[PDB]
Ligand SMILES: Nc1nc2c(ncn2[C@@H]2O[C@H](COP(=O)(O)OP(=O)(O)NP(=O)(O)O)[C@@H](O)[C@H]2O)c(=O)[nH]1
Ligand SMILES: [Mg+2]
Ligand SMILES: [Zn+2]
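Protein chains in written order, with the UniProt record's numbering: chain E, 12 to 108; chain C, 117 to 341; chain U, 50 to 470; chain G, 24 to 115; chain L, 205 to 378; chain H, 774 to 1015; chain Z, 1258 to 1353.
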């Protein structure tokens, strides 16, 4: 009840996005902070098909179920998680630009 | 003016007629009623001492508090006759960072030292935040011109980075204004305002979650031999 | 000790604990509070004594700190000795969305509150309004409306604001409550404020009826004590008294007591008999507790739980005095028309409340309780629901209930009820 | 040589505006410093003699015969002059 | 319904007695009905209604309970203007003035049906418009009068005609 | 504050004013102005018919529902000053429909610019108040220089009405008269007469309009500025014939 | 610095004012005519005046002067002076 509600609506769940550059004008992008329950294969395979990209479903020690993409995308990696209960609009880090 | 009676057809017709002459009687009658009604409310005449002084609370509500606050707010001499004209919305002036493209890889930022001074934060700490976001190396040292391995087409668009730093760390969310000064309170607790002294805490970056991989290899393994 | 309990309401980012900080000089923490930043989360308490400054009404300038003003035994503002009038406690009831239910928990304790609005936002937010309707369940008469920030923006926008607010009030709740400027991280215009609090009268209470206490705090064990007698420096039932005189070395019953699991489908709960070790209020120690004020009644027996407050909505009385424990409460409910706490565009554009129906998650905020309920019956008589509570509630009055429902990962007042029982 | 800076004439088309993102087939997406959203183009004397990047500020023209067709980039302001312009009194 | 008939009576009686003592303040009442909705709500339906205030005293007691009937009968009431949006808040208000003024003419002929004379309906309606209780259209106060009641049905087709010609005849300025 | 948006609007207002015989309507041709009043008249009719007491912008393709009031309410004519003044008298004949439309659109113009002007008045106002307060300190609060624009604008604004319907009185008329009352206190009977005049001009929709809600004094510097000693005695820009 | 100084009536000699009265230039307001009018009004009444509560030369002139001023008083519905201004001007200069 209320307890869980709070413990969830005000704690944990913090959603990282980042952008970097491979070279010249080539770029890369990641996402982290998404819950284990969700199938990563289904989100990654969406992003891809909606624009020439390239995903992954990488699992890294103590940071795992972290997925990256090819190209600079920051805007749409925020936009798509806003309407979709994936980011309480409060946990949205951008490290781009 | 206006009578009240047990009206009947004939008497109804009187009222009808009286109105038809001029509509002033009814109009101005109910202009006069709210005048003395509202006087009686605000200055109070209500029964029982606690509600009488309740409408006396109301009486001293009427600008009286705000009046004493006029002379007060003028007497501080820091809400009045200053650089608030523009410093209000933060319209403050910040040195416009200025760049160089050396080697078509690196970007040297000459104005680094001057900039860091202006919002009154030290050297190494400011540098950290910048370099973390962009996820590059480079250092400072030198003649206090920064170096970065990040490559961009030469622009004024470095500003976005600075904006993030300034709206997290230095800029209070009370007034919008930087005169601010960092403190050490408890563990991971810092920051103070001093132009109205509404204290605010903030926390400092220590990233280390995910960075990906980029991007040559062979060399990496070779060095990590 | 404190004689009169003064709460604080207002949406977050308009000040709450800020006004309290001005007067008391103390702040509240729990560690977690820092990590989320400017969320208060649980409840405030502090104490500041009233002593009349005798040439003060509204003098031009003095020190920002309130020690020249009341909470001192000597006056430098009139330059003469002070004389007692009153003493107050403070309580801070949250203004954040999620924290509705814990505002409710602390809403039946108080004997008045300060509404806080600020000039830096729009007219009436949603959360403000929702606070007000919450009050009207427990039916406080005294209320005071304030503008926290008036010196951070101009002396133009101030006036307008005041006119609008002024219109709106005494068209909702009479008494024509005053609307007042203050500052309280610049800590000015207390003198003004204080003068209005002085005039708020003594309430009446009963001091010779069987004991009744409402608990909202627990845990004070250690760290340190560490060496010697070893641990700890047993616990408390830290809360307010409404009836009777809680003296030292009396025998107390906790009437929800220790909760025991279901044995198949029917649960049972057994009272806990406990003794008063000491009465502690403020930094002083009492020998008897008078109704009103937060008294830390020292409890005894066993360990486990009651870590920060697992005494949520618990009632303490004397031995042989039992407020009747009910697992099922027959609630006669009345709903509001507007789902307050909704944020869309403007408060006045709100969505309308949906009817109460079978099989839905409720809540039920019986006073200081936060018991989970499911509607099993809408039928017994029209507009009566026989609601089964998992966590038992003790009746001492007919009980005035606020009903909260989940709207979207958070409950938002929907109506009020009274128990027929 | 000559001036590197010109000012808009409010008549005969010509109004300041800023690039947003870039689009294929020589066209780009363009937005007005008073009005609503727009789509621009470019002239053939700037087809790869001049590169107009995103968030660069420029000077349009507008069609004489029919408004609300499409508009076109007839000049570019070097970054040196943008800061100066924006300062003085002129554009947001 | 609720098996709790009584407070609906005490509603009425507290709107007799609060006027009796002091006619000066009538403010509280605004929070009185908020607690006590158990019947079918509405403002002037339950504030014109009383005990002996609304029966025997009705005629003169109308103009001796004035202020609170200008707080409920005339408008629901707000001061709002915006140089931003304020188009849809137009009809939001207007619908609630529409419903209000109209069905207070139901309440008029439901008090004049325990105080039966066709004429004494006419009386009251003018003593509304004379004060600040109403000041809006006499269209409302004629067309509405014929016949809004079915809560008391059987005054219908006589009281109809007598609702009055002088209403219409002052309306058009004739 | 600010105050950039405020300048950005007159650009727009200059455009829309000139778009209107850029192209939207031409509909039918004038054809010489049959008369000026006829506009007002059949606006009166069309607005009465389907009323929210607003009409204008909403459901923007009411251009149809002339057809209603044409084929029904078909005559011999209702509001028949038109046919009389014409010869041939057209009634349901197509020309008449065109006329009606041309009224409706040419009025939507007037209204939709009026809105913007009201906003302008508000933004003129607020910065002049904030100015004044700062100089209250002096307690003689000057100056007459910066608020002559406010006043002169409210003149311009107001006298856009001979042609116009009553706009929404709530925001609009109030926001005008209180920049001439609440924030410019002045002698009364200038006030009283002026508000009578505004009712006259307005009417063809509504007379009254008593704008009596919240006059307030923190402002009283005037008389040594008087009422026509800020006209004769301080104007440089000062209306001209056209 | 400055220095840019204004000017006004000027020289017009009492015989040039007599004969030519008023020869152009004329006016430019703000404040210009209004000042002059203030002067005339006060100076006329201010003489006390020691004869001339008769002969009817007085009451003629005084009345005529009083009739000038209602232009200054009652002209403007809003903040407008229509061109009705310079009729006020032509008045005061013909008077003087
Ligand atoms: N300038 C100024 N700052 C103020 C004023 N009132 C409060 N503040 C600032 O606002 C901040 C918030 O204080 P706080 O009381 O925690 O806000 P809150 O509304 O109580 N938090 P919560 O909503 O969770 O209860 C404080 O840092 C204080 O400095 C005021 O009147 N003026
Ligand atoms: Mg707080
Ligand atoms: Zn500050």
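Even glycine gets a Cβ: it sits at the ideal position worked out from N, Cα and C.
{"query": "For a cutoff of 8 Å on Cβ pairs, would you count residue 946/H as touching chain L?", "result": "no"}
{"query": "Who pairs with residue 474/U in a beta bridge, going by DSSP?", "result": "Residue 474/U lies beyond the stretch modelled for chain U, which goes from 50 to 470, so this question has no answer here."}
{"query": "Who does residue 230/U pair with in a DSSP beta bridge?", "result": "196/U"}
{"query": "Quick one: is residue 15/U buried, meaning 16 or more other Cβ sit within 10 Å of its Cβ, or exposed?", "result": "With chain U running from 50 to 470 in the structure shown, residue 15/U is simply not present."}
{"query": "Does the structure place the segment 286 to 295 of chain U close enough to the segment 251 to 268 of chain U that three or more beta carbon pairs sit under 8 Å?", "result": "yes"}
{"query": "Would you please state the rounded distance, in angstroms, between the beta carbons of residue 252/C and residue 264/C? I believe it to be under 8 Å.", "result": "5 Å"}
{"query": "Helix, strand or coil for residue 38/E per DSSP?", "result": "strand"}
{"query": "Scan the segment 455 to 470 of chain U for residues whose Cβ lies nearer than 9 Å to a Cβ of chain E and list them as they occur along the chain.", "result": "455, 458, 459, 460"}
{"query": "Residue 919/H: buried (16+ other C-beta within 10 angstroms of its C-beta) or exposed?", "result": "exposed"}
{"query": "What is the rounded straight-line gap between the Cα of residue 427/U and the Cα of residue 410/U?", "result": "14 Å"}
{"query": "At a cut-off of 7 Å, is residue 198/U close to ligand 2 when judged by its beta-carbon and the heavy atoms of the ligand?", "result": "no"}
{"query": "Does the beta-carbon distance from residue 801/H to residue 879/H come in below 8 Å?", "result": "no"}
{"query": "Cβ of residue 115/U within 8 Å of Cβ of residue 72/U?", "result": "yes"}
{"query": "When you compare only the Cα positions, how much space is there between residue 971/H and residue 193/U?", "result": "43 Å"}
{"query": "Of all the residues that make up the segment 274 to 286 of chain L, which are near chain H by a beta-carbon distance shorter than 7 Å?", "result": "283, 285, 286"}
{"query": "What is the rounded straight-line gap between the Cα of residue 405/U and the Cα of residue 62/U?", "result": "33 Å"}
{"query": "So which residues on chain H does residue 57/G lean against when the C-beta distance must stay under 7 Å?", "result": "781, 784, 785"}
{"query": "Can you tell me where the beta strand (DSSP E) with residue 31/G in it begins and where it stops?", "result": "Element bounds for residue 31/G: n/a, residue is neither H nor E."}
{"query": "What separation, rounded to the nearest whole angstrom, lies between the Cα atoms of residue 88/G and residue 101/G?", "result": "30 Å"}
{"query": "Taking only beta-carbon atoms, is residue 12/E less than 8 Å away from chain U?", "result": "yes"}
{"query": "Are the C-beta atoms of residue 115/G and some chain C residue less than 8 Å apart?", "result": "no"}
{"query": "Does residue 303/U come out as helix, strand or coil in the three-state DSSP assignment?", "result": "strand"}
{"query": "So the candidates are 860/H, 888/H, 848/H; which of them puts its Cα closest to the Cα of residue 830/H?", "result": "888/H"}
{"query": "Using 8 Å as the limit for Cβ to Cβ distance, is residue 129/C near chain L?", "result": "yes"}
{"query": "Which two residues bound the contiguous alpha helix (DSSP H) that contains residue 313/L?", "result": "292 to 313"}
{"query": "Within 7 Å: the Cβ of residue 271/C and any heavy atom of ligand 2?", "result": "no"}
{"query": "Just to confirm my understanding: we take residue 191/U, look at its own chain, exclude 5 residues before and 5 after, and list those with CB closer than 7 Å. What are they?", "result": "161, 249"}
{"query": "Compute the Euclidean distance between the alpha carbons of residue 212/L and residue 344/U, then round it to the nearest angstrom.", "result": "41 Å"}
{"query": "From residue 79/E to residue 330/C, what does the alpha carbon distance come to, in whole angstroms?", "result": "13 Å"}
{"query": "Buried or exposed, going by whether 16 or more other CB atoms sit within 10 Å of the CB of residue 940/H?", "result": "buried"}
{"query": "Since residue 233/U and residue 68/U are thought to touch, with beta carbons under 8 Å apart, how far apart are those beta carbons, to the nearest angstrom?", "result": "5 Å"}
{"query": "How close, in whole Å, do the beta carbons of residue 370/L and residue 128/C come, if the pair is a contact with beta carbons under 8 Å?", "result": "5 Å"}
{"query": "Quick check on residue 221/U: buried or exposed, where buried means 16 or more other Cβ atoms within 10 Å of its Cβ?", "result": "exposed"}
{"query": "For the segment 181 to 203 of chain C, enumerate the residues whose C-beta is nearer than 7 Å to any C-beta of chain U, in chain order.", "result": "181, 182, 184, 185, 186, 187, 188, 189, 191, 195"}
{"query": "Take the Cβ of residue 794/H as the centre, count every other Cβ of all protein chains shown within 10 Å, and call the residue buried at 16 or more, exposed below.", "result": "exposed"}
{"query": "Would you say residue 396/U and residue 174/U are within 8 Å of each other, going by their C-beta atoms?", "result": "yes"}
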